[PDB]
């Protein structure tokens, strides 16, 4: 009777009584609950927590009737609850899983490519890379038999990709720089005449310049047209300041105005000529800037002069106590991004923005308000370049390190492991591929060319190839280099041969890939030399950590890929060696914590014409 006049909020049940009076009971599950006047319920706030929070707070939206979860944010995948009502809210809860296109097998990498997970917060979260033996952009991979990252033919990958998709100009000889000076499609490395001037480039005194007459004023055997000091003798053509004018014929080799003899750092540009300790050697080239030492002797080759050098490095990261910005905690790269003097590794706020590391969506880039206006768990300020060194995550070999972005051995320290008088034949390094390929030429004393970038966790991989048939001795690479008495080395001999110096101790070098660690109590010299050559332990010198029990040696003219894995925090070390696309050797997991990181470098011991091609190092915690 009285319920005909719809007096109860729509959705509510209207009870009508015999005397025309009525009562409002229900409220449409989703509304407050007076009966007649009924308002919207907030299933979200002040009730449960049934939407997935991205480490933020605002994930549940409230609607007029009912409620609505927000779809899992970027980097996540899952359901998206929708409900009208109050009992629909306690039951049903949003579940988001962290994406992983590799382990999810949802990527689109070539059948001969690898899906490589780049880390949860990485931009992007993954990439495709062609496997050893192949080359391309990752969506398309072709044959790469010399393992230099360039394939044998152009691929449909050609015009929409920068590298790795154009025909290798020396299909059988590693030349990952692909330098082809005369542009005749035959690359320099395998070109009989690199300038097409008709003078075969072994007899050409200007390999990379046209000059058929071979005009050579001074007979330093570097023709006039390419000679940077055409009138003075200078076969090495060294040009410190790289201005076309060679050191030889220059009164200022480093172009800092301060003339050579006056210059207290003649090889290093320094106009203020500061000489704190007054030893005649300027700060920018003093390996002991606070301590007197004109001679600058550095017997363990760690770039710290003997007078400074006390070797006391209590956390084995290779930086001695008085020079380690985290004296007690291992940090070989000494990364200190906010420059406050307190090393990242022992610093709770790496960018000094107020928000500590373990709660910061841009750990390296100052941003106290944590703008993440797209909900990807990463601050929009460090959107594509987590370390803000202007090189983006995908192209960054150390995405969480503003001091490394590219593999670059262009500047390297030459570490002689057995120096003497004559009979001292030093290695000879040629640089190509802007520092990503080195060739050792001579039959030399043991030696390393160590690069300067420093690492903790690291992956180091290179192509190994001996472009000659003379000899059967050692090559390889060092890692964790700290001093010439402290480093991990991987070396590989072709034919087992006992070293030709009985003294100090006999050394039997077997064939196969070797993993050694060096803790030498004498430093560079005969004892260490033999110890390096010797397959096995040598007290106070070298400890072999693993050696391919099959003793397989390397073959001539044969491309190998090495891959180093090193995680000093735990001491994990793993060495892969590929022959073409097939794993030929694998150290399995190894454990050694002698050194908590350090530098990378390339190692030779009495083997000439050794090609270390297409080198890549990456930070694998960084």
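Residue numbers count along the first chain shown, from 1.
Averaging only over Cα atoms, indicate whether 344 to 352 or 520 to 528 has the higher B-factor in the PDB entry.
Mean B over CA atoms: larger for 344 to 352.
Determine, for stretches 224 to 232 and 144 to 152, which one has the higher mean CA B-factor as deposited.
In the deposited entry, the stretch with the higher C-alpha B-factor mean is 224 to 232.
Out of 589, 568, 580, 28, which shows the largest CA B-factor listed in the entry?
Of the candidates given, the C-alpha B-factor peaks at 28.
Name the residue from 537, 287, 176, 260 with the greatest C-alpha temperature factor listed in the entry.
The C-alpha B-factor peaks, among 537, 287, 176, 260, at 260.
Is the Cα B-factor recorded for residue 105 in the lowest, middle or highest third of its chain?
As the PDB entry reports it, the C-alpha B-factor of residue 105 lands in the highest third of its chain.
Among the chain's modelled residues, which third holds the C-alpha B-factor of residue 400?
It belongs to the lowest third of the chain when residues are ordered by C-alpha B-factor.
In terms of the chain's CA B-factor thirds, is residue 47 lowest, middle or highest?
According to the entry, residue 47 has a C-alpha B-factor in the chain's highest third.
Place residue 71 in the lowest, middle or highest third of its chain's C-alpha B-factors, as listed in the PDB entry.
Its C-alpha B-factor, which the entry lists for residue 71, ranks in the highest third among residues of this chain.
Report the third (lowest, middle or highest) to which the CA temperature factor of residue 333 belongs, ranking only the modelled residues of the same chain.
Middle third, going by the recorded CA B-factors of the chain.
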